[PDB]
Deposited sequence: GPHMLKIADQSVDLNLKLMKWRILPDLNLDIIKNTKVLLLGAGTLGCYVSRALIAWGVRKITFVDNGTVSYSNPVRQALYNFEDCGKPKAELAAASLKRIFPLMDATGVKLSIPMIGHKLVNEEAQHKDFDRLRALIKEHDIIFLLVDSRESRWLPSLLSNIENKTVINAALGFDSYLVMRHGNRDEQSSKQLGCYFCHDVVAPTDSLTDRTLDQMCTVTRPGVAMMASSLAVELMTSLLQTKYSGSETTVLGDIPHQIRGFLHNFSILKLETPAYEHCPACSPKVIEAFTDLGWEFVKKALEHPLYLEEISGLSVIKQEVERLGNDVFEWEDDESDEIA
């Protein structure tokens, strides 16, 4: 009894003493998929359980390195060599034993690479989509943009909310993906719209802002405002350590984005894995499908 009650009582005190219209249950019952059990996944999962989230699933294909524990808050020195996802889940249960904490050793197929095992990466694709479909919120916490593409597409197709966290040396980006219903941009919209080791504090800031964006986003929106009982629900949060600054930004979905373009959505809906395997090995095929190819060849004819 005191097991579950302790965390939940703390949050009930918060609600009834400070924010009576705060919806704690929507947060507690949110099923969270964490793609990446590194520095971001570890700090995000800690903020989530402090908010009472009961079900958290880690996805990771790595093992604990000797230098991981000092930055990745769920691992100890004695954990070197162990697979991350299952260990992260077990570490969460040591903090709060009533957790529905699960770890899945799974490689997210990366765009821009030749397939090393078609049958196995096909199976990984199926497992990734099933995991995304069964959860409510998906956190994209992998360090590479080539690992973000497939989860972004699958979460959009499965109509799930995505929260991206990405780190620079002294800066961080937190952003939520637009959904299909005036659609917000995704992680990949910007670099095609605007073509051209980290300080330890970056990941702690990005993780907590990502979770606090989620909890606000889960509250009902006030009519006539893009605010909730917890405050704003910005599209993007960009922060900088060198000047201790934070900026809110918003971006529309870009019609020729190689991730959320309606043609990319349509081609996936038609072919699924058959389309994905082609996009993974030939990213230029993606820009043809999305229409970005015509844009780039047009930027040439204007600049020559």
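- Within the chain's deposited sequence, the coordinate-free stretches run 1-5, 187-190, 206-218, 327-340 in sequence order.
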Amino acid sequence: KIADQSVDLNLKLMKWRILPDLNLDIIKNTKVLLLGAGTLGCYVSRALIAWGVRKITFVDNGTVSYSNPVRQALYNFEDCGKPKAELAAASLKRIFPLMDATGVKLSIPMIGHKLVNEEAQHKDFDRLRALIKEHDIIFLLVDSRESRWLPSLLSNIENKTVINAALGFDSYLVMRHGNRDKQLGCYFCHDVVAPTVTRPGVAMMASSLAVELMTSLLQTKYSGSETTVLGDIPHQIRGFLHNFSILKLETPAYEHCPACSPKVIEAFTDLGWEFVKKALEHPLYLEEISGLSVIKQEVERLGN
From here on, numbers count along this sequence of modelled residues.
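Throughout, rigid core stands for the largest set of C-alpha atoms superposing within 1.5 Å between the two forms.
- Between stretches 142-150 and 187-195, greater average Cα displacement in 4 other deposited structures of this protein relative to the shown form, fitted by the core, falls on 187-195.
- Superposing on the core and measuring CA offsets in 4 other deposited structures of this protein, the stretch of 19-27 and 289-297 with the greater mean deviation is 289-297.
- Of the two stretches examined, 226-234 and 204-212, the record assigns the greater average C-alpha temperature factor to 226-234.
- Look at the C-alpha B-factors of 46-54 and of 266-274. On average they run higher in 266-274.
- Of the candidates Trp149, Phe139, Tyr172, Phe77, the deposited coordinates give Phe77 the top C-alpha B factor.
- Residues shown: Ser155, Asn164, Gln219, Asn117. Highest C-alpha temperature factor in the entry: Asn117.
- For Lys296, the recorded CA B-factor ranks within the highest third of the chain. Only modelled residues enter the ranking.
- Compared with the other modelled residues of the chain, the Cα B-factor recorded for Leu9 ranks in the lowest third.
- In the PDB entry, a CA B factor belonging to the highest third of its chain's modelled residues is recorded for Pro69.
- The PDB entry assigns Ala253 a C-alpha temperature factor belonging to the middle third of its chain's modelled residues.
- When the CA B factors of the chain's modelled residues are split into thirds, the value for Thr39 lands in the lowest one.
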